[PDB]
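**Q** What follows is protein.csv; its format and atoms are CSV, C-alpha atoms.
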chain,number,residue,atom,x,y,z
A,1,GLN,CA,42.1,-196.5,-34.2
A,2,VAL,CA,40.5,-193.2,-35.5
A,3,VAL,CA,42.6,-191.3,-38.0
A,4,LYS,CA,42.2,-187.5,-38.2
A,5,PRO,CA,41.0,-186.3,-41.5
A,6,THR,CA,43.6,-184.4,-43.7
A,7,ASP,CA,41.3,-183.8,-46.7
A,8,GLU,CA,42.2,-180.5,-48.6
A,9,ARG,CA,38.7,-179.1,-48.2
A,10,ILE,CA,39.3,-178.9,-44.4
A,11,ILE,CA,40.0,-175.2,-43.5
A,12,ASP,CA,42.8,-174.8,-40.9
A,13,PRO,CA,40.9,-173.1,-38.0
A,14,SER,CA,44.0,-171.3,-36.5
A,15,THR,CA,44.5,-169.0,-39.5
A,16,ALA,CA,40.8,-168.7,-40.6
A,17,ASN,CA,40.6,-165.2,-39.3
A,18,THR,CA,39.3,-163.1,-42.3
A,19,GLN,CA,36.1,-161.1,-41.4
A,20,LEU,CA,33.1,-162.3,-43.4
A,21,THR,CA,30.4,-160.1,-45.1
A,22,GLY,CA,27.0,-160.5,-46.7
A,23,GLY,CA,25.1,-162.2,-43.9
A,24,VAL,CA,21.4,-163.0,-44.1
A,25,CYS,CA,19.9,-162.2,-40.7
A,26,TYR,CA,16.9,-163.5,-38.6
A,27,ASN,CA,15.7,-161.4,-35.7
A,28,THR,CA,12.8,-163.6,-34.4
A,29,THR,CA,12.2,-167.1,-33.0
A,30,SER,CA,12.3,-169.6,-35.9
A,31,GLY,CA,9.9,-172.2,-34.2
A,32,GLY,CA,12.3,-175.1,-34.4
A,33,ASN,CA,14.8,-176.1,-37.1
A,34,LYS,CA,14.6,-174.3,-40.5
A,35,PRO,CA,16.6,-175.7,-43.5
A,36,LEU,CA,18.8,-173.3,-45.4
A,37,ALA,CA,18.8,-173.3,-49.3
A,38,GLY,CA,21.9,-174.7,-51.0
A,39,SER,CA,23.1,-176.0,-47.7
A,40,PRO,CA,23.1,-179.3,-45.7
A,41,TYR,CA,22.5,-177.3,-42.5
A,42,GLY,CA,19.5,-175.8,-40.7
A,43,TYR,CA,19.3,-173.0,-38.2
A,44,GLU,CA,17.3,-172.4,-35.1
A,45,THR,CA,16.7,-169.2,-33.1
A,46,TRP,CA,15.1,-168.7,-29.7
A,47,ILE,CA,14.6,-165.0,-29.2
A,48,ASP,CA,12.4,-164.4,-26.2
A,49,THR,CA,10.1,-161.3,-26.9
A,50,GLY,CA,9.9,-160.7,-23.1
A,51,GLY,CA,13.5,-159.6,-23.2
A,52,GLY,CA,15.7,-157.7,-25.6
A,53,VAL,CA,16.4,-157.6,-29.3
A,54,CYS,CA,18.8,-160.1,-31.0
A,55,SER,CA,20.0,-160.7,-34.5
A,56,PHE,CA,21.3,-164.0,-36.0
A,57,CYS,CA,23.0,-164.0,-39.4
A,58,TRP,CA,24.2,-166.9,-41.6
A,59,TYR,CA,27.2,-166.1,-43.8
A,60,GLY,CA,25.9,-168.4,-46.5
A,61,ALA,CA,26.9,-171.6,-48.3
A,62,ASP,CA,30.0,-170.5,-50.1
A,63,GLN,CA,32.3,-169.2,-47.4
A,64,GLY,CA,33.5,-169.6,-43.8
A,65,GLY,CA,33.0,-173.4,-44.0
A,66,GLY,CA,29.3,-173.1,-44.8
A,67,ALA,CA,28.0,-172.8,-41.2
A,68,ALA,CA,29.5,-169.5,-40.0
A,69,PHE,CA,27.2,-167.0,-38.4
A,70,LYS,CA,27.2,-163.8,-36.4
A,71,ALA,CA,24.9,-162.9,-33.6
A,72,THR,CA,24.3,-159.8,-31.5
A,73,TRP,CA,22.1,-159.5,-28.4
A,74,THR,CA,20.9,-156.5,-26.3
A,75,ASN,CA,19.8,-157.7,-22.8
A,76,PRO,CA,18.1,-160.9,-24.0
A,77,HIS,CA,16.4,-163.4,-21.7
A,78,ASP,CA,18.4,-166.6,-22.7
A,79,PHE,CA,19.0,-166.0,-26.4
A,80,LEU,CA,20.0,-169.2,-28.3
A,81,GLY,CA,21.1,-169.1,-31.9
A,82,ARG,CA,22.4,-172.3,-33.6
A,83,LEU,CA,23.3,-173.7,-37.0
A,84,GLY,CA,24.5,-177.1,-38.2
A,85,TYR,CA,23.3,-180.6,-38.8
A,86,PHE,CA,19.6,-181.4,-38.2
A,87,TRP,CA,18.7,-185.1,-38.0
A,88,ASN,CA,15.8,-186.5,-36.0
A,89,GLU,CA,15.7,-189.4,-38.5
A,90,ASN,CA,15.6,-192.2,-35.8
A,91,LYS,CA,19.3,-192.9,-36.2
A,92,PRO,CA,21.8,-193.1,-33.3
A,93,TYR,CA,24.9,-190.8,-33.2
A,94,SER,CA,27.1,-193.7,-34.4
A,95,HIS,CA,25.3,-193.8,-37.7
A,96,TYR,CA,26.8,-190.4,-38.5
A,97,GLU,CA,30.3,-191.7,-37.7
A,98,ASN,CA,33.2,-189.3,-36.8
A,99,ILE,CA,31.9,-185.8,-36.5
A,100,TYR,CA,34.2,-182.8,-36.5
A,101,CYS,CA,33.7,-179.0,-36.3
A,102,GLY,CA,36.4,-176.5,-37.3
A,103,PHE,CA,35.8,-173.0,-35.9
A,104,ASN,CA,37.2,-169.5,-35.5
A,105,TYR,CA,35.3,-166.5,-34.2
A,106,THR,CA,35.6,-163.2,-32.4
A,107,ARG,CA,33.2,-162.3,-29.6
A,108,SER,CA,32.6,-159.5,-27.1
A,109,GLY,CA,34.6,-159.8,-23.8
A,110,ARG,CA,34.0,-160.8,-20.3
A,111,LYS,CA,30.6,-160.1,-18.7
A,112,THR,CA,28.8,-159.3,-22.1
A,113,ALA,CA,26.4,-162.3,-22.0
A,114,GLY,CA,25.0,-162.2,-18.4
A,115,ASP,CA,25.6,-164.8,-15.6
A,116,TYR,CA,25.6,-167.9,-17.8
A,117,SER,CA,26.5,-168.3,-21.5
A,118,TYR,CA,27.7,-171.1,-23.8
A,119,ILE,CA,29.7,-171.4,-27.0
A,120,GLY,CA,30.3,-174.8,-28.7
A,121,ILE,CA,28.3,-177.8,-29.9
A,122,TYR,CA,24.7,-178.4,-28.9
A,123,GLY,CA,21.7,-180.7,-29.6
A,124,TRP,CA,19.3,-183.3,-28.4
A,125,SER,CA,18.9,-187.1,-28.6
A,126,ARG,CA,16.1,-189.5,-27.7
A,127,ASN,CA,16.5,-192.8,-25.9
A,128,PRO,CA,13.0,-194.2,-25.5
A,129,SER,CA,14.2,-197.7,-24.5
A,130,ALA,CA,16.1,-196.3,-21.4
A,131,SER,CA,15.0,-198.0,-18.2
A,132,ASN,CA,15.1,-194.6,-16.4
A,133,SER,CA,12.2,-192.5,-17.7
A,134,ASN,CA,14.3,-189.4,-16.7
A,135,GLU,CA,17.0,-190.3,-19.3
A,136,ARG,CA,14.7,-190.9,-22.4
A,137,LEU,CA,15.4,-187.3,-23.5
A,138,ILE,CA,18.8,-185.7,-23.6
A,139,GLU,CA,19.9,-182.1,-24.2
A,140,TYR,CA,23.7,-181.9,-24.7
A,141,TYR,CA,26.5,-179.3,-24.8
A,142,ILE,CA,30.2,-179.3,-25.7
A,143,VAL,CA,31.4,-176.0,-24.3
A,144,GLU,CA,34.5,-174.5,-25.8
A,145,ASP,CA,34.2,-171.0,-24.4
A,146,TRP,CA,31.9,-168.6,-22.6
A,147,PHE,CA,31.8,-164.9,-21.6
A,148,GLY,CA,32.4,-165.5,-17.8
A,149,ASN,CA,30.5,-163.2,-15.5
A,150,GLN,CA,31.1,-160.7,-12.7
A,151,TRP,CA,32.5,-163.4,-10.4
A,152,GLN,CA,34.5,-165.5,-12.9
A,153,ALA,CA,36.9,-164.7,-15.8
A,154,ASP,CA,36.0,-165.8,-19.3
A,155,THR,CA,39.4,-167.5,-19.3
A,156,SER,CA,38.3,-169.7,-16.4
A,157,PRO,CA,36.1,-172.7,-17.3
A,158,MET,CA,32.5,-172.8,-16.0
A,159,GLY,CA,31.6,-175.4,-13.3
A,160,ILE,CA,28.6,-177.0,-11.8
A,161,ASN,CA,27.7,-173.6,-10.1
A,162,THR,CA,26.7,-172.6,-13.6
A,163,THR,CA,25.5,-175.9,-15.2
A,164,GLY,CA,24.0,-177.5,-12.1
A,165,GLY,CA,24.2,-181.3,-11.5
A,166,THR,CA,27.1,-183.6,-10.9
A,167,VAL,CA,30.7,-184.1,-12.2
A,168,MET,CA,30.7,-187.6,-13.7
A,169,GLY,CA,34.3,-187.7,-14.9
A,170,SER,CA,36.8,-186.2,-17.4
A,171,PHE,CA,39.0,-186.9,-20.4
A,172,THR,CA,41.4,-185.0,-22.7
A,173,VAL,CA,40.9,-184.3,-26.4
A,174,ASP,CA,41.7,-181.5,-28.9
A,175,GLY,CA,44.4,-180.0,-26.6
A,176,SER,CA,42.5,-179.8,-23.3
A,177,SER,CA,40.9,-181.7,-20.5
A,178,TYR,CA,37.1,-181.6,-20.5
A,179,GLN,CA,35.0,-181.9,-17.4
A,180,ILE,CA,32.0,-184.2,-17.9
A,181,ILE,CA,28.8,-183.1,-16.1
A,182,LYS,CA,25.3,-184.7,-15.9
A,183,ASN,CA,22.3,-182.6,-14.8
A,184,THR,CA,18.6,-183.5,-14.4
A,185,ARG,CA,16.1,-181.0,-15.5
A,186,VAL,CA,12.9,-181.5,-13.5
A,187,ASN,CA,9.7,-180.6,-15.3
A,188,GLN,CA,11.4,-178.0,-17.5
A,189,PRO,CA,10.6,-176.9,-21.1
A,190,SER,CA,12.0,-179.2,-23.9
A,191,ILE,CA,11.5,-180.4,-27.5
A,192,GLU,CA,8.9,-182.9,-26.0
A,193,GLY,CA,7.2,-180.2,-23.9
A,194,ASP,CA,7.5,-179.7,-20.1
A,195,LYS,CA,9.0,-182.8,-18.6
A,196,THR,CA,11.9,-184.2,-16.7
A,197,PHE,CA,15.0,-184.9,-18.9
A,198,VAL,CA,18.8,-185.0,-18.7
A,199,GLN,CA,21.6,-182.7,-19.9
A,200,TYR,CA,25.1,-183.8,-20.7
A,201,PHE,CA,28.0,-181.3,-20.7
A,202,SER,CA,31.6,-181.5,-21.7
A,203,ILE,CA,33.3,-178.3,-20.3
A,204,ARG,CA,36.7,-177.4,-22.0
A,205,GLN,CA,39.1,-176.6,-19.2
A,206,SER,CA,41.2,-174.3,-21.3
A,207,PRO,CA,38.6,-172.0,-23.2
A,208,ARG,CA,39.4,-171.1,-26.8
A,209,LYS,CA,38.1,-169.2,-29.8
A,210,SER,CA,39.5,-171.4,-32.6
A,211,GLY,CA,40.3,-175.0,-33.3
A,212,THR,CA,38.8,-178.4,-34.1
A,213,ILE,CA,36.1,-180.2,-32.0
A,214,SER,CA,36.2,-184.1,-32.2
A,215,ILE,CA,32.5,-184.3,-31.4
A,216,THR,CA,32.1,-188.1,-31.6
A,217,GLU,CA,34.9,-188.6,-29.0
A,218,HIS,CA,32.6,-186.7,-26.5
A,219,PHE,CA,29.6,-189.0,-27.4
A,220,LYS,CA,31.9,-192.0,-26.9
A,221,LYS,CA,33.2,-190.9,-23.5
A,222,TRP,CA,29.8,-189.9,-22.3
A,223,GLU,CA,28.6,-193.4,-23.2
A,224,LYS,CA,31.5,-195.1,-21.3
A,225,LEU,CA,30.4,-193.1,-18.2
A,226,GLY,CA,26.8,-194.4,-18.5
A,227,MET,CA,25.5,-191.3,-20.2
A,228,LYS,CA,23.7,-192.9,-23.1
A,229,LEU,CA,22.4,-191.0,-26.1
A,230,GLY,CA,19.9,-193.5,-27.5
A,231,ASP,CA,18.8,-194.4,-31.0
A,232,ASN,CA,17.4,-191.0,-32.4
A,233,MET,CA,19.9,-188.1,-32.4
A,234,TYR,CA,17.9,-184.8,-33.0
A,235,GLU,CA,20.7,-182.5,-34.2
A,236,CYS,CA,24.3,-181.4,-33.9
A,237,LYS,CA,24.8,-177.7,-34.2
A,238,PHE,CA,27.2,-174.8,-33.3
A,239,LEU,CA,25.7,-172.7,-30.6
A,240,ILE,CA,25.8,-169.2,-29.1
A,241,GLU,CA,23.7,-168.9,-25.9
A,242,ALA,CA,23.6,-165.7,-23.9
A,243,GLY,CA,21.6,-165.5,-20.6
A,244,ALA,CA,21.6,-161.7,-20.7
A,245,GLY,CA,24.1,-158.8,-21.3
A,246,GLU,CA,24.9,-156.9,-24.4
A,247,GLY,CA,27.4,-158.5,-26.7
A,248,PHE,CA,28.2,-160.2,-30.0
A,249,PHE,CA,29.6,-163.3,-31.7
A,250,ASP,CA,31.1,-163.2,-35.2
A,251,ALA,CA,32.5,-166.5,-36.8
A,252,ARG,CA,35.0,-166.4,-39.6
A,253,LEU,CA,34.8,-170.2,-39.7
A,254,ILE,CA,32.3,-172.9,-38.7
A,255,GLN,CA,33.0,-176.0,-40.8
A,256,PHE,CA,31.2,-179.3,-40.0
A,257,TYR,CA,32.5,-182.5,-41.6
A,258,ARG,CA,32.1,-186.3,-41.0
A,259,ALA,CA,34.6,-189.1,-41.7
A,260,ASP,CA,35.2,-192.8,-41.2
A,261,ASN,CA,37.8,-194.4,-38.9
A,262,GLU,CA,40.4,-194.2,-41.7
A,263,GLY,CA,39.8,-190.4,-41.9
A,264,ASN,CA,38.1,-190.2,-45.3
A,265,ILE,CA,35.4,-187.6,-45.8
A,266,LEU,CA,31.8,-188.8,-45.8
A,267,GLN,CA,30.3,-185.2,-45.8
A,268,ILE,CA,31.8,-181.7,-45.9
A,269,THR,CA,31.1,-178.1,-46.8
A,270,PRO,CA,32.2,-176.8,-49.2
A,271,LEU,CA,31.5,-179.8,-51.3
A,272,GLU,CA,34.1,-179.1,-54.1
A,273,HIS,CA,37.9,-178.9,-53.9
A,274,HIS,CA,39.9,-175.7,-54.5
A,275,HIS,CA,41.6,-174.5,-60.5
A,276,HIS,CA,43.9,-171.7,-59.1
Take the structure in the file and write it out as structure tokens.
**A**
Amino acid sequence: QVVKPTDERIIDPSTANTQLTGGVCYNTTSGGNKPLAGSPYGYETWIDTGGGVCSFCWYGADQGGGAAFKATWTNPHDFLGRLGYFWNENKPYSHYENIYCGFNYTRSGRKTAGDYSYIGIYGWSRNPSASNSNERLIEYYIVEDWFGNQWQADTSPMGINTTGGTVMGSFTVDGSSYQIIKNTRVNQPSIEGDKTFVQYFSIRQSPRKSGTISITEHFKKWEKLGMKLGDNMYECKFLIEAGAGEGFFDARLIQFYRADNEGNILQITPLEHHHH
């Protein structure tokens, strides 16, 4: 019986379409999470110097929901820029309760991010007590949008031809069905070095550029399908990933908040209510 938060600090994503200015930009790999001053969030950049130049700019603590960013890339090799909650505190996802992200962005069009690309929520979690050694580390995506490619429209959701792995099931939340995929990465790079791990994906069947993501509902449905996250969630951040191409991403809103089952706010940016 989870009640949607209605708190006045929550920015309606559908009309949060005012261009932001005064970004602070990072053009190089950050080497993991880096906390931001005056902010609950941290950023990470993966900018591969064997490929092209990228830029990643945070719009700061006092506008756009506190987590808005802009990114540009020029023929990268798998650029990832991300910003949001960083945890790795040895607490399960359920400790952080009901997690929401309100977003609104523009981006470049179809075929401007290479053959694969991802926009949405991203992170990792650790489950060392899993019987299956392959499932003790988890990388996860909730995919709201992407840039399509030469063979598929950006209006058409990606499938397992992009993600790899196996369709485990589906559910409906936040106005769309989501396809749930599980993939095993065999001796691939990770936050624990090169090893076998699993990826969980929720793919939004109707892609979109603004709205609200009920993140915890994804964690819950993954868990009911046997896709366990374990007792140490690493992070929960908004992501732009571009395989290649020449494009941009520019958020007018990224707003994380957390709330209990009654809907009451536990954490939110900005912290204070809106004097005239």
**Q** Residues near residue 21 in chain A, anyone? I mean within 12 Å using all atoms listed in the file, not counting same-chain ones fewer than 4 positions away, as a PyMOL selection string.
**A** chain A and resi 25+57-60+62-64+68-70+250-252
**Q** Calculate how many Å separate CA of residue 256 in chain A from CA of residue 239 in chain A, rounding to one decimal.
**A**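 Distance between the two atoms: 12.7 Å.
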**Q** Smallest atom-to-atom distance to residue 159 in chain A: which of A:71, A:43, A:146, A:102, using all atoms listed in the file?
**A**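 Of A:71, A:43, A:146, A:102, the one nearest residue 159 in chain A is A:146, counting all atoms listed in the file.
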**Q** Near residue 77 in chain A, counting only C-alpha atoms, which residues have an atom at most 10 Å away, once you skip same-chain residues fewer than 4 positions from it, shown as a list in words?
**A** residues 46, 47, 48, 49, 50, 51, 52, 53, 73, 114, 242, 243, 244 and 245 of chain A
**Q** Kindly indicate which residue among A:24, A:113, A:236, A:83 lies nearest to residue 45 in chain A, using all atoms listed in the file for the distances.
**A**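 Of A:24, A:113, A:236, A:83, the one nearest residue 45 in chain A, counting all atoms listed in the file, is A:83.
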**Q** For residue 154 in chain A, work out the shell of residues within 8 Å, counting only C-alpha atoms and skipping chain neighbours fewer than 6 positions away, then give it as a VMD selection string.
**A** chain A and resid 109 to 111 145 to 148 207
**Q** Neighbouring residues of residue 230 in chain A were defined as those with any atom within 9 Å, considering all atoms listed in the file; residues of the same chain fewer than 4 positions away were excluded. Please report them as a PyMOL selection string.
**A** chain A and resi 91-93+125-130+136-138
